[PDB]
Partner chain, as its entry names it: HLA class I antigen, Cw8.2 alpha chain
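First comes one chain, alone, set out as structure tokens in the form deposited without the partner chain.
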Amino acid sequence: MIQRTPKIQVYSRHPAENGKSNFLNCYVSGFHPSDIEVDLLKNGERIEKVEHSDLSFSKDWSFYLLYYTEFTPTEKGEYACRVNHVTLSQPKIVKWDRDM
């Protein structure tokens, strides 16, 4: 058996084909087992519509999830990614930094 804690990165990207649009991303990487719960939050509230959830695995059966959706950040509000995993004794909340 192996278990590996997910690394969690929260960042924003503009797709080059539509640069005015902006996407909030939570990249959850290197985890095992694959069982997981991942949400994007706005002001602590689950964002129910997340357009993209792309899961894959590597040769060593570590899993990778990109969880992302279109958003429009202003100076208002707090955005985050919340992850629950067996390796994590409490849910891990990683806030989005507007400079990322």
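Residue numbers count along the first chain shown, from 1.
A summary of the deposited B-factors shows that, of 10 to 18 and 80 to 88, the stretch with the larger mean C-alpha value is 10 to 18. Two stretches are in play, 45 to 53 and 27 to 35, and the higher mean C-alpha B-factor belongs to 45 to 53. Sorting the modelled residues of the chain by their CA temperature factor places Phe71 in the middle third.
Separately, the form solved in complex with the partner chain exists; it is not shown, and the next lines address it.
Contacts of stretch 11 to 31 with the partner chain in the deposited complex, defined by any heavy atom lying within 4.5 Å, are made by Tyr11, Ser12, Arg13, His14, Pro15, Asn25, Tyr27, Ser29, listed in sequence order.
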